[PDB]
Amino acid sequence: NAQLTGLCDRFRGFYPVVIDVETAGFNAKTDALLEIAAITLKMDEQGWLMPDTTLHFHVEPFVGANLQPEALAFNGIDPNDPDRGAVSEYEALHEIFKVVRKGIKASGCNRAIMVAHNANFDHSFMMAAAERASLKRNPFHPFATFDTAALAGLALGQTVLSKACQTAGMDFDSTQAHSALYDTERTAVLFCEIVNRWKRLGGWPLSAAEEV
């Protein structure tokens, strides 16, 4: 019963959703979005954060989108692969947005916040695509994010995803980079570990005096 967990209390009513995108370049406005995965989070009985629902979509390049060969070489994606099962930006985001809104309502939150590694990257691609497909009721905060690079820099003294995960004691496999799914799952587990560690060490909840 999500309403009954502390999820909504932990981040002032923000519902954290982990996102990774794969793309055909670095420019959210002109380069194709090719893949997206999303993982909602939940808080267990002891107040530990953990992954909840996972969504994963392969995305058809938008009308007029550019595709940089270096990007494709990097993520190893072939936009014309039959087994891609590519759907439109609209269907992918619409399905993600539906599940996220459901989680928001079920948990007693008020909106979603994107958790991502160098989060401005994914946030911009996700916003540009939502703009393209004219999605409304976008549950994500229009500008605020939870960047795991910054968070790992604080908690672990590491900003690089693979290194942060290793330092946190997670396995990280260079072969499995870069499915959107694998990177999203490692980023979710990393983020949960950072928040849980903070609770472990007594940093949260705050003391009485810290009530203002």
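We call the rigid core the largest set of C-alpha positions that still match within 1.5 Å between the two forms. Sequential numbering from 1, following the sequence displayed.
Student: Core-superposed in 6 other deposited structures of this protein, which stretch deviates more in Cα positions, 106-114 or 80-88?
Tutor: Higher average C-alpha offset in 6 other deposited structures of this protein goes to 80-88.
Student: Quick one: with the core lined up, is it 5-13 or 185-193 that wanders further in 6 other deposited structures of this protein, going by C-alpha RMS?
Tutor: After superposing on the rigid core, the more displaced stretch in 6 other deposited structures of this protein is 5-13.
Student: Decide which of the stretches 137-145 and 117-125 has the higher mean C-alpha B-factor, going by the entry.
Tutor: Stretch with the greater average CA B-factor: 137-145.
Student: Got a sec? Mean C-alpha B-factor, which is higher, 186-194 or 21-29?
Tutor: Per the PDB entry, the higher value belongs to 21-29.
Student: Taking only the Cα B-factors deposited for this chain, tell me whether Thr159 sits in the lowest, middle or highest third.
Tutor: For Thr159, whose C-alpha B-factor we compare with every modelled residue in the chain, the answer is the lowest third.
Student: Going by the CA temperature factor in the PDB record, which third of the chain does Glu35 belong to: lowest, middle or highest?
Tutor: Lowest third of the chain for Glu35's C-alpha B-factor.
Student: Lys42's Cα B-factor: lowest, middle or highest third of the chain?
Tutor: It falls in the middle third of the chain.
Student: When the deposited Cα B-factors of this chain's modelled residues are ordered and cut into thirds, is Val63 in the lowest, the middle or the highest one?
Tutor: Highest third.
Student: Report the third (lowest, middle or highest) to which the CA temperature factor of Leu55 belongs, ranking only the modelled residues of the same chain.
Tutor: Its C-alpha B-factor belongs to the middle third of this chain's values.
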